[PDB]
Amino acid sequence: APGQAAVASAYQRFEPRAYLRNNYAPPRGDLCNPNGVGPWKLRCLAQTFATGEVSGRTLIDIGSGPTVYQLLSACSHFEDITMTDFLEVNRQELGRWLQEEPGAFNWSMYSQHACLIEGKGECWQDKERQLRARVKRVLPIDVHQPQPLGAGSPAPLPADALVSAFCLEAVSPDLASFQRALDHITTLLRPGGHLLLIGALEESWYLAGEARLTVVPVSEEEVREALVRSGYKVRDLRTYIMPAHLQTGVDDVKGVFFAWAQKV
């Protein structure tokens, strides 16, 4: 309770535009360099889905924040998608892009790169069209509660698959809390279901405007073990080491991990 209400307090200052700018605009957001983290992440999301292994009807994105890139390759495999976030402002920022409102963040370069990578000959507008169509709702959530979505959420539970990028470690004061939060969201997944977990490796802080957030520094092994401890079978685990040119003043992240896990 103490460690959670403290994080919750820091997030009250979280500025979406500042977050988007620090991470999804160049240099980290430059998709032209094949060696950048942007191309690497999109590639690993596309290859995972191209296997045909991850499919079903409903999907939940845990801690969406103001981003949708994590769902570009996923959207053509799930007709009902639920996006979520703890903050009102992020859910509003998402709405601005989903409803094509004014001031929405421009994700077009990412959509185009996902199309380029997938190689199905799809134009980026159709991709965004399909994502917007399949995202049925944007709900509040708290991975710290035993029932993250709450009592009677509109979300079709359990889900056939889950996606979570940079949420758990960024809202957990320590490894133990990270483990619990993972246990918590795992209850939202159907047995045999899939979890695509993405996050920061050995990171301890990051900025988002006037907000300065703490992060729990986790390692690939710690993540692997935590996944096992939560009833998962790790189908794939990859690490991307942050090169010097992508190490800016916005945080102290050392690498990024990708975990494809199956609830057994």
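For every residue, the number given is its place in the sequence shown, counted from 1. Heads up, when I say rigid core I mean the largest set of C-alphas that superpose within 1.5 Å between the two forms.
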(request) Output the stretch, either 186-194 or 97-105, that has more C-alpha displacement from this form in 9 other deposited structures of this protein following superposition by the rigid core. (result) 97-105
(message) To spell it out: superpose each other structure in 9 other deposited structures of this protein onto this one by the rigid core, compute Cα RMS over structures and residues for 209-217 and for 60-68. Which is larger?
(response) 209-217
(request) Between 213-221 and 50-58, name whichever shows the higher mean Cα B factor according to the PDB entry. (result) 50-58
(request) Decide which of the stretches 180-188 and 67-75 has the higher mean C-alpha B-factor, going by the entry. (result) 180-188
(message) Quiz for you: based on the deposited Cα B-factor, which of 153, 112, 106, 90 is highest?
(response) 153
(request) Quick one: classify residue 122 as lowest, middle or highest third of the chain based on its Cα B-factor. (result) lowest
(request) Sort the modelled residues of this chain by their C-alpha B factor and say whether residue 231 lands in the lowest, middle or highest third. (result) highest
(request) Select lowest, middle or highest to describe the third in which the CA B-factor of residue 97 falls within its chain in this entry. (result) middle
(message) Sorting by Cα B-factor within the chain, modelled residues only, which third would residue 81 end up in: lowest, middle or highest?
(response) middle
(message) Could you place residue 157 in the lowest, middle or highest third of its chain by Cα temperature factor, using the values in the record?
(response) highest
